[PDB]
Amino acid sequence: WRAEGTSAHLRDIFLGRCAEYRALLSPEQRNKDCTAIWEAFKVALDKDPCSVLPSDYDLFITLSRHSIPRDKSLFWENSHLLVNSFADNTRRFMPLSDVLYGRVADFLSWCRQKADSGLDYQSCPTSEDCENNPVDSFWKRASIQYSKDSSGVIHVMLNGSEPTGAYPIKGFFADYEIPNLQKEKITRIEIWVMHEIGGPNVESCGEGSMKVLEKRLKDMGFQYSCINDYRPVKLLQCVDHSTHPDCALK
């Protein structure tokens, strides 16, 4: 397996994150059983590391699913850390990592040993090793759910400094979220194409892969919008480049 093995102390981390997230939920939907959620989740830890399907996580989703506030969904690509810091633990936006079923697995890795009941802390399969590995099947299932439950203004943060372009035609956003957006309950889609401070401007709104994305969203009937270096996020990037000319204040 050419990927990170199971995360040490997966269970404690999972339950801890789950318990802390409960506090963020509204009292009405605060009734969540972290233990049951973990049990449902571990069904994948009792299977062949190449025989886990997205549907295997259905129970896990049923037990953890909760509503996402209108206009708070934030999708992204090649911007993990920035998205998490900007979202600020649900305070500004609620990306998948800030939704219960996403929060418990953010950054973690897991898979059962090839031919032994115990978890494999040595390595886990990538899409290359095999399509149906625990981690990818999990995110496919969580992505679909996250997309289906989003409504209002859809925000998307992309990385215009990524060498392969801002929009990966083969990725979770393209293959599992866009096709699952409920057109009827979506007002518009606003894209933020961020560039590293002084970093390379590989692509901006309307260029390369951005034209492909825009065309698709438009052919799908969505009201489309694209902003280069959305200020609030630029200001956050600037925190680490205070003396740079792109970050100077008036």
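When you see a residue number, it is the position in the sequence shown, counting from 1.
Averaged over CA atoms, B-factors in the entry run higher in 122-130 than in the other of 67-75 and 122-130.
Mean CA temperature factor is higher for 108-116 when stretches 108-116 and 88-96 are set side by side in the entry. Looking at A36, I197, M210, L45, the one whose CA carries the top B-factor in the deposited record is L45. For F60, the recorded CA B-factor ranks within the lowest third of the chain. Only modelled residues enter the ranking. Among the modelled residues of its chain, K170 has a C-alpha B-factor that falls in the highest third, as given in the PDB entry.
For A19, the recorded CA temperature factor ranks within the lowest third of the chain's modelled residues. In this PDB entry, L10 carries a Cα temperature factor that places it within the middle third of its chain's modelled residues. Ranked by Cα temperature factor within the chain, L217 sits in the highest third according to the deposited record.
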